[PDB]
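If you want the building blocks of each chain, they are given just below.
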Amino acid sequence: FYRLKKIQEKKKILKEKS
Amino acid sequence: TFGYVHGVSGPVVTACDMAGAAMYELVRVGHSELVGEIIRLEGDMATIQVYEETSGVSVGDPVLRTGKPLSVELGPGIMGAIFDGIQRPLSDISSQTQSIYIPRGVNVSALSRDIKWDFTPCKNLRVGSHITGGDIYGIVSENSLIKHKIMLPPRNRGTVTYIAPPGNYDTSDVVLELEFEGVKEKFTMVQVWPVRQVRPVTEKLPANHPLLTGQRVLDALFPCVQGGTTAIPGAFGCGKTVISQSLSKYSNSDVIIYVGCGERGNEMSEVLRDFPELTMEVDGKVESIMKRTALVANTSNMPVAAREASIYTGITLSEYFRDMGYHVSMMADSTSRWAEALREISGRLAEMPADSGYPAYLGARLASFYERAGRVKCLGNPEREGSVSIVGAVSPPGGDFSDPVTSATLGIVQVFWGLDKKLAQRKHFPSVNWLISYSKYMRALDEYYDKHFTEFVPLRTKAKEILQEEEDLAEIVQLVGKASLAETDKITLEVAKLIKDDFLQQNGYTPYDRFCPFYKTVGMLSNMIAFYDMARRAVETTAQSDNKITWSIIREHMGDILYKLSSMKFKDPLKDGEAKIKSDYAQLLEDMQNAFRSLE
Amino acid sequence: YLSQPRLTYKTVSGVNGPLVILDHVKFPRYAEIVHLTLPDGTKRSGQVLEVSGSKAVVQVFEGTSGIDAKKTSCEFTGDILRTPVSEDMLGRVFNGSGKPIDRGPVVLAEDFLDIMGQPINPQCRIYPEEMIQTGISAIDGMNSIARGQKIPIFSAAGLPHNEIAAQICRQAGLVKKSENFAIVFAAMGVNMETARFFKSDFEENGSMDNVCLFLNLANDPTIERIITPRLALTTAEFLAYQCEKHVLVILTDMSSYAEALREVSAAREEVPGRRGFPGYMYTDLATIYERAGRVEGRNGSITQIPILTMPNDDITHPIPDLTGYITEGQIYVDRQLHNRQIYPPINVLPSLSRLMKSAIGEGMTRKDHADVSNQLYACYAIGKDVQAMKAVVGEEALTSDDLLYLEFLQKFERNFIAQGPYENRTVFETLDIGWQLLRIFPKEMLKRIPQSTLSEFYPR
Amino acid sequence: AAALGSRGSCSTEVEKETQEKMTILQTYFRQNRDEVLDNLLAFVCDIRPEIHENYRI
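Caption draft 1: Region of interest: the overall build of chain C. On a plain count of helices and strands, chain C comes out with 11 helices and 22 strands. When its C-alpha atoms are laid out on the principal axes, chain C stretches across 85 × 50 × 40 Å. The burial tally for chain C puts 59% of its 460 residues in the buried class. As displayed, chain C has an accessible area near 18700 Å², and 48% of this comes from carbon and sulfur atoms.

Here's what the structure looks like:
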């Protein structure tokens, strides 16, 4: 659960800062 | 028409300048022209997965758009051919390269444009006729066994303008010409079909005819049919290779397509070595099995994207030969190693898994492949009827009955031949569980047995009841210890041991128990169940009379009738025959009847 | 010949774990090799994992300590990693990246070979049928090994898998009916005394003339372990398929290699697999294990014996699991047999060799091999299932024959399995001991042996 | 005593055949260095400018 939430957080950080 | 490479990370390439590219189109990546497939679009960037190794691909390399999806070529030259997951001829590559390696970007056509095939058209077709998709308009004599029916692609129709006279043509010569609306179109002997796209039929019919494996435990207790879907475990030594080779040597199939998905490189060398040596008997003559067999070969070190296109190549070849009117039987070994490739490709694209890391669309992809099996009324003018029977090997990840692949498969298939590890440890072969295995065809097969072997269904029912009662009693005899047991329990135990040791247990490496015909199976089961009935009746009626009968004063009286039963499995269906073996079994029945009449 | 000059970038734009990220690279090639020059002057090497536009993501083999983002110079080679290869590499000791570590010169190259390999047509291979007589009964008798196979040793921590590996290396030969193996040996993350053990064992038995070593110790960089099993498998492929000799490749701690794989995948923020290992670890181990066998027309072979250590003695961990899907069997070293002073502690119930059926039998070893092996296995299984409830419910509730299986258990674990760390048994001695053990049971209890074989071998 | 005797003579014999091999190496090298020097110096002194094939004019 924690690993998948980390992947999703990094996705939604990249797409917004880029 | 030309995009450019923008990024490379593993087998996944990202290419810019790809405006009107469609999903799942095929492209040529790099200066070596590696084939790849578009799996994602975004703006005018495209994400491609490559079917080769991408080491040495710079940013800026060309990307050529082909405009068509992943397809197979279908024509004369498929029987006896060895491909990989992309239909690349492994023998032509070696013959033309003169090397022991497969180059990168090697571009050789799957069916040789050099051999001359003997083609004769249909007798009643002529200039002016009306032909539609599926119609057979010629026949090529491929080899001694298989006649290759030349059909029209299922999306064409028109009036004949030209049709070739009998002769010798190669797969580049034009044989037919059609005019539909003033437009014209020429047709050669090869067609091209996308592998991810199911082939049309007129109608799907129910499956009603068996598929004899040769094993008694499977032909009797858990039957398959012509057009069924089966799942076996991938287990070494248990008796899986026996089944794989029995489908080919002695069955009722016309074509065999064997697909290996993720294959140990030294276990594919065996298959490739000793398949061209197997033979079978047709009309007295002995002929090679590689006259009606095609292998798709894929080992564990080939690209991951070519591992998941093997199943589709194999099933499309199966459907192509089904539409001729034949009965094809496909074997897809290691469906589990296919799901592994699905999981890996899904991970490379950063998608959310569902259970144990697998993609959420795992059952939706297994169903799309298992639901291509079946018996059909072929599309086209001559009335044909074909069938494709799929057997998939689902290996265990340690032996769990709730693996995502195994649980996704059990929701689709109609037959499940289960693996007993306790039986494979005691060297009982084939190690079929016979208490968790099932078949859902035993009601559609009823009017076949009620017409050909009209006494088999009661024997099957009673055999299964005996085999369950024995398991009920076993874990009682374990604790207490068989002192206080009714005589009927003794007979149940000692007839179930006979059924297990002499009927279910079989040895495929012997020249008499390699293929057991169904009359042999029915005869053995009939004699065993008749003995069970007689012994039980004898012990049951004289229960409170004088001279109480027991199982011990039955093993005394008839000790050699209990030996012709424990040796029924040594008769040979090719040194002896059908009437000889039937006569032997009838004489043994009369013998045991006389013994039970005398003792009682 | 690449004759254009190379490009050197002082444009580092990030250091993170084992990876260095660069911008403004001109047409970045994938899998390229890069030479890094640190501010003080030391030099390291890296390989490009991903290119995108102008960016490049290099993995440095010797770590990223001391590297800054303003004065480190990265020179791009223009080519993938091609290792120099020669036949003088036999008798020499290298480190995990191929540099001489024995006071000898650098390899003068006979050729330059790509270290990813070259795919071998499945139609040009040959099926292995020559049995290797290792001199160990538990392997020879029941898990026979053909010359060209790939069969690992599933072990654990604190168990003697190095002793078994060295004994196989020392005693391996062909089954005598009427030269011998070269050895390539890669070590990934071993301690100093394991390397000392192996070097001393090789040079005390006159072998060193015919051994090539690649050594990556536990004090060495971790990212080298990724290329170490591929320089050891590129030499073995030059010797076998170009110099035509029979090679034996040992790969020690295929678990350290996978830990380095996970360490590089975790620094790249990738969707993890099970236990955190990369999702492509299957396709990665399969490009190592599948470089073994014989090819048509060439009289050389490659046999592979990887050596794992299962974490927590667990055979369902990702590493043993995925290794079992790829190799042809496994030899299982057990801890329960170790704690009772048995050597070699090989548990034959989960061990397997998938190429045995075609390497044994009449005309190869002896006509009674397969039946003896099958009956010994079945007897051992039945005896374990007895011993369980014998220890649980009743030492006297045991039947009259449920005591023959226990005596078989004892004598089989003490006489067949337990061998001796320098004892070299033939195959026929192993089969004779198997018959001496099978003679415990009356011949009616051996249901897995045909009558023709029982008649010929039982009454002695 | 026999070991202490052979220990030195074996070493001197190995050091004899070592020198034999080294003289063979040097007599191989003397007769071949000039042709390879010409080939090398012709490869080095032959310049051919070139642009990347991926460059778009």
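Caption draft 2: Representation of the interface of chain B and chain C. In this complex, chain B contributes 54 residues to the contact, which on the side of chain C involves 62 residues. Summing both sides of the interface, chain B and chain C together bury roughly 5100 Å²; the carbon and sulfur share of this comes to 53%. If you sort the residues of chain B by the area they bury against chain C, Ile100, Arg264 and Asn266 of chain B come out on top, with a joint share of 15%. The interface formed by chain B and chain C contains four salt bridges. A salt bridge links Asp385 of chain C to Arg426 of chain B, with the shortest nitrogen-to-oxygen separation between them at 3.7 Å. Across the contact surface, chain B and chain C share 19 residue pairs in polar contact. Of all the secondary structure elements, the ones that give two or more residues to the side of chain B that touches chain C are strand 1 (2-9), helix 1 (90-97), helix 4 (265-274), helix 5 (304-307) and helix 7 (336-348) of chain B. The element that contributes the greatest number of residues to the side of chain B that touches chain C is helix 4 of chain B, accounting for seven residues. Here the side of chain B that touches chain C is built from residues that sort into 16 nonpolar, 24 polar and 14 charged.

Caption draft 3: Here's a closer look at the arrangement of the chains. Taking contact number as the criterion, the leading pair out of five pairs of chains in contact is chains B and C. Regarding chain A and chain D, which are not in contact, the minimum distance between any of their C-alpha atoms is 28 Å.

Caption draft 4: A look at the side chain of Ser373 of chain C. Here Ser373 of chain C shows up in helix 8 (residues 369-392). Leaving out residues up to four positions away in the same chain, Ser373 of chain C has contacts with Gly141 and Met142 of chain C.

Caption draft 5: A look at the pairing of strand 1 of chain B. Judged from the three bridges that link them, strand 1 of chain B and strand 6 (residues 62-65) of chain B form a sheet pairing that is antiparallel. The partner of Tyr4 of chain B across the bridge, within strand 6 of chain B, is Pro62 of chain B. One ladder, built from five bridges, connects strand 1 of chain B with strand 2 (residues 12-16) of chain B; its direction is antiparallel. Its bridge partner being in strand 2 of chain B, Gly7 of chain B is matched across the sheet by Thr14 of chain B. Two successive antiparallel strands, strand 1 of chain B and strand 2 of chain B, enclose a turn made up of two residues, where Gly10 of chain B displays a positive phi of approximately 85°. As defined by bridge partners, strand 1 of chain B adjoins strand 5 (residues 43-52) of chain C across two bridges and the pair is classed as antiparallel. Bridging from a neighbouring strand, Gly7 of chain B pairs with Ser52 of chain C of strand 5 of chain C.

Caption draft 6: Local environment of helix 8 of chain C. Look at helix 8 of chain C: 35 Å from first C-alpha to last across 24 residues, which is about the 34 Å you get at 1.5 Å a residue. Immediately beyond the C-terminal end of helix 8 of chain C, within one or two residues, lies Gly394 of chain C, with a positive phi of roughly 90°.

Caption draft 7: Up close: the nonpolar core. Membership of the largest hydrophobic core comes to 80 residues, with the highest contact counts inside it found for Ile499, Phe503, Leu504, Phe531, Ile554, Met558 and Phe596 of chain B. Per-element accounting of this core gives the leading share, 14 residues, to helix 14 (residues 518-541) of chain B. A domain-level breakdown of this core finds at least three residues from each of domain 2 (71-114 + 188-439) and domain 4 (440-600) of chain B. Look past the residues within four positions of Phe503 of chain B in its chain and what remains in contact with it is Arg216, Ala220, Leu498, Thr521, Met524, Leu525 and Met528 of chain B. One finds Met142, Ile153, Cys379 and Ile417 of chain C within the second-largest nonpolar core, a separate group that totals 66 residues.

Caption draft 8: Region of interest: the sheet that holds strand 13 (residues 145-146) of chain C. Residues and elements named next belong to chain C. What the three strands build is an open sheet, ordered 13-12-15; its pairing is antiparallel. Sheet topology places strand 13 and strand 15 (173-174) at the edges, where each strand pairs with a single neighbour. In this sheet, strand 13 lies alongside strand 12 (residues 131-133) in antiparallel orientation, the contact comprising two bridges. Within strand 13, the residue paired with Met131 across the bridge is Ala146.

Caption draft 9: Focus on the pattern of salt bridges. Residues and elements named next belong to chain B. Counted under the stated rule, the structure contains 58 salt bridges over all chains. Salt-bridge contacts for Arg375 lead to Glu385; the nearest nitrogen and oxygen are separated by 2.6 Å. Taken together, the residues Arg375 in strand 25 (residues 374-377) and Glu385 in the loop between strand 25 and strand 26 (386-393) connect sequence positions 10 residues apart. Judged by relative accessible area, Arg375 falls into the buried class, the value being 15%.

Caption draft 10: Expanded view of the UniProt feature "binding site: ATP" in chain C. Using the residue numbers shown here, the UniProt feature "binding site: ATP" corresponds to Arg354 of chain C. Note that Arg354 of chain C resides in the loop between strand 22 (352-353) and helix 8. Apart from the residues within four sequence positions on either side, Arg354 of chain C is in contact with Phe236, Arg264 and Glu267 of chain B together with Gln149, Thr327, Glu328 and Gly329 of chain C.

Caption draft 11: Up close: a nonpolar patch on the surface. A cluster of nonpolar side chains, contributed by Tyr1 of chain C together with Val36, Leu37, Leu40, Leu41, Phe43 and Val44 of chain D, occupies part of the molecular surface with about 800 Å² of accessible area. Along the polypeptide, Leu41 of chain D turns up in helix 2 (residues 33-44).

Caption draft 12: The arrangement of the side chain of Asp284 of chain C in detail. All names here are of chain C. As for its placement among the helices and strands, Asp284 is situated in helix 6 (residues 281-289). On the basis of relative accessible area, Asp284 is assigned to the buried category, the value being 16%. A polar contact is formed between the side chain of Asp284 and the side chain of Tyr257, at a distance of 2.2 Å. Filtering out sequence-adjacent residues up to four positions away, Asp284 remains in contact with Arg230, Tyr257 and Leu261.

Caption draft 13: Examining helix 13 (residues 487-504) of chain B more closely. Residues and elements named next belong to chain B. Under the 1.5 Å per step criterion, the end-to-end length of helix 13 is 24 Å for 18 residues, consistent within 8% with the ideal 26 Å. Every buried residue of helix 13 is listed here: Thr488, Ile491, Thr492, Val495, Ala496, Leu498, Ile499, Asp502, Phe503 and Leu504. Buried residues of helix 13, seen end-on, are gathered within an arc of 165° and therefore sit on one face of the element. The secondary structure elements touched by the buried residues of helix 13 are helix 2 (216-221), helix 12 (456-477) and helix 14.

Caption draft 14: Representation of the environment of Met23 of chain B in the model. All names here are of chain B. Relative to the helices and strands, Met23 is located in the loop between strand 2 and strand 3 (26-29). Sequence separation between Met23 and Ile38 is 15 residues, and the spatial gap between their C-alpha atoms is 5.4 Å. What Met23 contacts, discounting residues up to four positions off in sequence, is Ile38, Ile39, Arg40 and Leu41.

Caption draft 15: A look at the environment of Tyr343 of chain C. Residue and element names in this part refer to chain C. Locating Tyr343 in the fold gives a position in the loop between strand 21 (329-332) and strand 22. Sequence spacing of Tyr343 and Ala359 is 16 residues, and the spatial spacing of their C-alpha atoms is 26 Å. The residues contacting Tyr343, other than those within four sequence positions of it, are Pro160, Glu163, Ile164, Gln167, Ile417, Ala418, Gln419, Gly420 and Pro421. A polar contact is formed between the side chain of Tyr343 and the backbone oxygen of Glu163, at a distance of 3.4 Å. A polar atom in the side chain of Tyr343 sits 3.1 Å from the side chain of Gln167.

Caption draft 16: Molecular detail of the packing of aromatic side chains. By the definition in use, this model includes 28 aromatic pairs over all chains. Each ring, one from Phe453 of chain B and one from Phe518 of chain B, has its centre 5.0 Å from the other, and the planes form 80°; the classification is edge-to-face. Highlighted residues: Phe453 of chain B in the loop between helix 11 (446-452) and helix 12 and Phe518 of chain B in helix 14, separated in sequence by 65 residues. The exposure class assigned to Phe518 of chain B is buried, which follows from its relative accessible area of 10%. Grouping aromatic residues by their ring pairs yields a cluster made of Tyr380, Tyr405, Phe408, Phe412, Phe416 and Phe441 of chain C. The residue whose ring lies beneath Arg170 of chain C is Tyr422 of chain C, and the NZ or CZ to ring-centre distance is 4.3 Å.

Caption draft 17: Highlighting the sheet that holds strand 16 (residues 184-187) of chain B. Residue and element names in this part refer to chain B. In space, the four strands of this open sheet follow the order 10-13-15-16, with antiparallel pairing throughout. What marks the edges here is a single partner per strand, and that holds for strand 10 (130-132) and strand 16. For this sheet the average axis-to-axis angle between neighbouring strands, irrespective of direction, equals 40°. Bridge count between strand 10 and strand 13 (residues 157-163): three bridges; the pairing is antiparallel. Across the sheet, residue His130 finds its bridge partner in strand 13, namely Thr159.

Basis of the calculations
Residues numbered from 1 in each chain as written, not as in the entry; some residues may be left out. Chains lettered and ligands numbered in written order. Part of a larger assembly, values for the part shown. Heavy atoms only, no water. Residues with missing side-chain atoms left out of burial classes, pairs and counts. Helix = DSSP H or I, 4+ residues; strand = E, 2+ residues; numbered from the N terminus. Buried < 20%, exposed > 50% of the residue type's maximum accessible area, 1.4 Å probe, protein only. Areas by Shrake-Rupley, 256 points an atom, 1.4 Å probe, with all protein chains shown as cover. Contact = heavy atoms within 4.5 Å. Buried area = accessible area lost by both parts, 1.4 Å probe. Salt bridge = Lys/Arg side-chain N within 4 Å of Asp/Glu carboxyl O. Polar contact = N/O pair within 3.5 Å; in protein donor to acceptor, adjacent residues only side chain to side chain. Nonpolar A, V, L, I, M, F, W, Y, C, P; charged D, E, K, R; others polar. Pairing = 2+ DSSP bridges. Expected span 1.5 Å × (residues − 1). Core = buried A, V, L, I, M, F, W, Y, C linked by side-chain atoms within 4.5 Å. Domains from an automatic or database assignment. UniProt positions renumbered as here; feature names shortened; annotations may be inferred. Patch = residues over 30% accessible without salt bridge, like charges linked within 9 Å, V, L, I, M, F, W, Y side chains within 5 Å. Arc of directions from axis to C-beta. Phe/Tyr/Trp six-rings, centres within 6.5 Å; stacked < 30°, edge-to-face > 60°. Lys NZ or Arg CZ within 6 Å of the ring centre and 35° of its normal. Axes fitted to C-alpha atoms, helices over the stretch in contact; angles between N-to-C directions.

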